[PDB]
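1. 3D model of this:
(chains A and B, ligands or ions: 1)
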Amino acid sequence: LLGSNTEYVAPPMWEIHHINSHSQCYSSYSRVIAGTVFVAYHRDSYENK
Amino acid sequence: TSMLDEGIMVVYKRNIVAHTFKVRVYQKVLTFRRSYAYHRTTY
Ligand SMILES: *[C@@H]1O[C@H](CO)[C@@H](O)[C@H](O)[C@H]1NC(C)=O
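-> Numbers count the residues shown, from 1 in each chain, chains lettered A, B, ... in the order given. Pasting the structure now:
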């Protein structure tokens, strides 16, 4: 067993609009920092369901 | 035309001092530091 970072993040506004008009979120966070965009997925290698 | 019980009194509060008692808390603390190694300067 090793570490466990956990960070709390605001969704993007397009997603806010999705959330509260469909009762569902996308299984991916994406934020750009410096140059490139970074991205996380729910279970590994998942799609954007 | 011309023209009062006596006694002893003890007063009591409602009491507000909340009840204290000690509690044992068992827990473990795992800490993970991480480092790099080049020449003699550990990052
Ligand atoms: C997931 O889908 C939304 C809309 O379908 C899109 O805006 C978002 O960029 C996608 N995320 C990816 C592909 O990582």
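2. helix or strand for residue A:17, which one?
-> Per DSSP states H and E, residue A:17 falls inside helix A:13-22.
3. count the neighbours of the closest residue to chain A within chain B for me.
-> Using CB to the nearest CB, the closest approach of chain B to chain A is made by residue B:32 at 4.4 Å. Just so you know, the C-beta spots here come from the backbone N, C-alpha and C atoms, and that holds for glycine as well. By the criterion of other CB atoms under 10 Å in any protein chain shown, residue B:32 has 8 neighbours.
4. can I get the helix holding residue A:17 as PDB, trimmed to CA atoms?
-> C-alpha atoms of helix A:13-22 as PDB (Å, rounded to 0.1, in the frame of the first residue of the first chain):
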ATOM      1  CA  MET A  13     -19.700  25.000 -16.800                       C
ATOM      2  CA  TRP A  14     -20.900  23.000 -19.800                       C
ATOM      3  CA  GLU A  15     -20.900  20.000 -17.400                       C
ATOM      4  CA  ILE A  16     -22.700  21.900 -14.700                       C
ATOM      5  CA  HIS A  17     -25.400  22.500 -17.300                       C
ATOM      6  CA  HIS A  18     -25.400  18.800 -18.100                       C
ATOM      7  CA  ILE A  19     -25.500  17.700 -14.500                       C
ATOM      8  CA  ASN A  20     -28.500  19.700 -13.500                       C
ATOM      9  CA  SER A  21     -30.500  19.100 -16.700                       C
ATOM     10  CA  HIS A  22     -29.900  15.400 -16.900                       C
END
